[PDB]
Every structure is written in C-alpha cells, then in structure tokens.
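Quick heads-up: it's one chain on its own, the form deposited in one PDB entry, in structure tokens.
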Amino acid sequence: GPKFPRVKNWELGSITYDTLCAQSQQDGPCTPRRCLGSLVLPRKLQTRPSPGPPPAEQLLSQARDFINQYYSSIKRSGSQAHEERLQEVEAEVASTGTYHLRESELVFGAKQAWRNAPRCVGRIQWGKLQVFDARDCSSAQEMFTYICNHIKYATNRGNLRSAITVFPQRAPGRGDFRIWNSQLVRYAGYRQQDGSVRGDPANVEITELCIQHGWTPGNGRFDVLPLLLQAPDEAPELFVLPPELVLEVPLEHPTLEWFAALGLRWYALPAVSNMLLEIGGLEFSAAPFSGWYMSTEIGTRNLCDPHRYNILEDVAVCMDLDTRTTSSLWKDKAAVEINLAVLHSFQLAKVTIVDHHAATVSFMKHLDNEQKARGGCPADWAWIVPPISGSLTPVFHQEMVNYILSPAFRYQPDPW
C-alpha cells in the first residue's frame, strides 16, 4: 500500500501509517545493516559543543524551517508577515551571524520540542507548558532567582505545573549559560572508604564537583545537592536551595507498617537541567524544564536499580521472601510493594504523580490525537514502556517509529 512505515497495534489489530517521519531532517543512529536503537547516547541525539558559530547557510535553513512551522501553527503560511519575518531573520544572520526569536515564537518552539521528544510518555500534556523567558538573565546570581521562581511556580505546593525557563542562547565568541547539575533537585552520592556509595551513586561526580567548589557536604542517603550555576566565561558559582523550596515526600506503605521505618523518601519535582533546547538552529544550553513524576521512575528505577539505591533485597528481607532463589519472584514482589509505596505516599501528601497504567493509557490517546494532527508521533519504545509490568500496559503492544524532529531537546557534553 502506502510508501510510509506501516505501524500495527497487536492488541487491537489496528493499522496506521507514519507520514510525519518524512519531515525529519536529522539522521539517527540506525542503518539498514543494523539497529542501534537501544543505545541511550548514540552519537545521533547528542549535540556536541560548537566552539565556532554554525555555518551561516546551515543556520539559515534551520531558521527558515522553524519560522515556517511557526506561521503554519498560526495558519499564515505564505503571508506578508511570514515572508517579512523570513526576510528579517536572514537579515539578522546576514550582519550578526545569528538571530533572535520573538516571544511567542519561543513559547511555540519550547512546546514543539517537548511534543517532539521521543522518550517522553507524558506528551499528552504538551500543550500545557509555562514558558518563563529568562533570555535577559546576565549573572549566575540571577540564574538562581529565576530557578527559585521556577521551582516555586512549578511546585505550587504539590499541585505541580509543567514549566521551563529559557536562559540566553549560545552566542559565538562568548561562553555558555550552563547548569552543571543534571536536575534542579538531586540527592548527593558520597564515595565511601570501602568503595561503596552513601546516597545516590548516579550523582557521585557532581557531588564531588560541588565539594571541590566549596560545598560543605553531609552524610546522609537523602541530602539535596546545591546548584552549580555558570554564567558566560565565568567559573561556576555555588547556590544552595532554601529547604522550604524543595518539597519532599516521606515514603510509607498502605499496609506494611514497617515501610515507614525504612526512612526512604523522594523529592516531588522532576526538573531536567542539563539538556540543550534547539529551536530553529539556535541553541539554548541552559533551559531547565519540569513536570511531574510517573511512579515507576522513583519506585522502580531510582529505588530498585542495581546502580542506584538498590533497595530490593532489603525490602525483600523485610517481607521475608526467599531471596536465595530466583524462582520465588522476590524481586518482582518487593518491586510491586515499593511502587505502591511511592503512589500511596504522593497521593497522601497531596503531591502530583501518575502511575504507569494511567500514564501509558493517556499516551495511547496522545498517539491517536497526533495521528490525526501530524500523521504520526516519533516514539522510543524502550523508553515508553514502563520498567515493570511492561505487557500489562497498552503501549507494549503498540509498534512505534522513532525519528528526530526539530525543535528538540538534545543531550550535550558536560561543562567540565
């Protein structure tokens, strides 16, 4: 039939064709010889640092393309405003080598970048995003206020609201605005004498960076790390977040009275801060965004992963399961109760969270919406399916096509 990828849902037997991928202008890791689609960081979703400004011709084509998407989103394609804005963009690039976005253009691109994110299962909310323009920001101290305002608005005392704060874009012949941290709120990871790690092993390097930068450490599993904010050409400055600004949730179990005694907990606000936001060829090296958590990110990955908190065995012992044999499914049983504890704790603390069932069910609805809207939806299957109960969720049985659309959230090298 049609010349586009055929996609099937094995649960419903329904078929769809992805015409949207034809719009992709950025290559992926795969080739007809082999699939590199399971790699987290292939050198195809990562934007290396441009020490030199992008070739004026390449920037122009990305700019022209973005503007067209903008005017198209407002239904004025081919209009005088459209042709004038295009003229104004190449004019800017002509004399300055770069250009700047209008306010409403930034809002559009940021929402599109999220909408374009293949690894996000929460894209059904893509239209509801608070874009805080912080392109005026000129100091590391100002970055702190902006971030503090972001956390305040986004947190909204448990009734979380999606938001992003965009700092000045990459300017040739000038340093980047970078947030050294991976997320705004992160737990410290202390490298012990015996080699082990107290806290979160994932955050070991940054913790050692904060220390080297004057931070006076603690010695707990759940210590919130300070921010390491960097303004153009200046070394990073350290800023400590006010405790009242960081909402956390103490984990307890609905029935297992002893779970509370484990002293486990997690922060309520997930805010990625190390990713690059690329819009029309313009790069925004510092542009933290946040929304809310899906229960499995905390209860399964953060808490149960071998290279993270690794609490599966401890909880199994407390549940008195045969941890000596795999066929007892002690890992499956503890993980279930751990995920249930996260849900219960967040629901009790009136903080926003969504479980993996509801989450994926809403993504399917997002998929139908997008099929009608753009004729497809770029999705990364491995990241869309939850880390537990995979086939129990509707997305498992949904084939998916993955490709890179712009605007987009890309990975970038560490500033150090």
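Shifts are known only where both forms have a C-alpha. Take the two forms, superpose them, and find the largest set of C-alpha atoms that agree within 1.5 Å; that set is the rigid core. Counting begins at 1, following the sequence as shown.
Compared with other entries of the same protein, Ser38 falls outside the group left without coordinates by a third of them; all model it where both flanks are modelled. Where the other entries of this protein model the residues before and after it, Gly375 is kept in all of them rather than dropped from a third.
According to the PDB record, 193-201 carries the higher mean C-alpha B-factor of the two stretches 267-275 and 193-201. In this entry, 232-240 has the higher mean Cα B-factor, the comparison being between 106-114 and 232-240.
The PDB entry assigns its highest CA temperature factor, among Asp176, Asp305, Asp322, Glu313, to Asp176. Per the PDB entry, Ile211 shows the highest C-alpha temperature factor of the residues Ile211, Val224, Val336, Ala134. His344 sits in the middle third of its chain by CA B factor, as recorded in the PDB entry. Looking at the C-alpha B-factors along this chain, the one for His100 belongs to the middle third. Ranked within its chain, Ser362 lands in the middle third, by CA B factor from the PDB record. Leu256 sits in the middle third of its chain by CA B factor, as recorded in the PDB entry. Looking at the C-alpha B-factors along this chain, the one for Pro32 belongs to the highest third.
A second form of this protein, the form deposited in another entry, is not displayed here; the remarks below concern that form.
Core-based superposition between this form and the one not shown leaves all of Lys372, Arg33, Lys350, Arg43 but one with CA shifts under 2 Å; the exception is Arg43. When the two forms are fitted on their rigid core, the residues between this form and the one not shown that move as a run of three or more, each C-alpha shifted by 2 Å or more, fall solely in 42-51.
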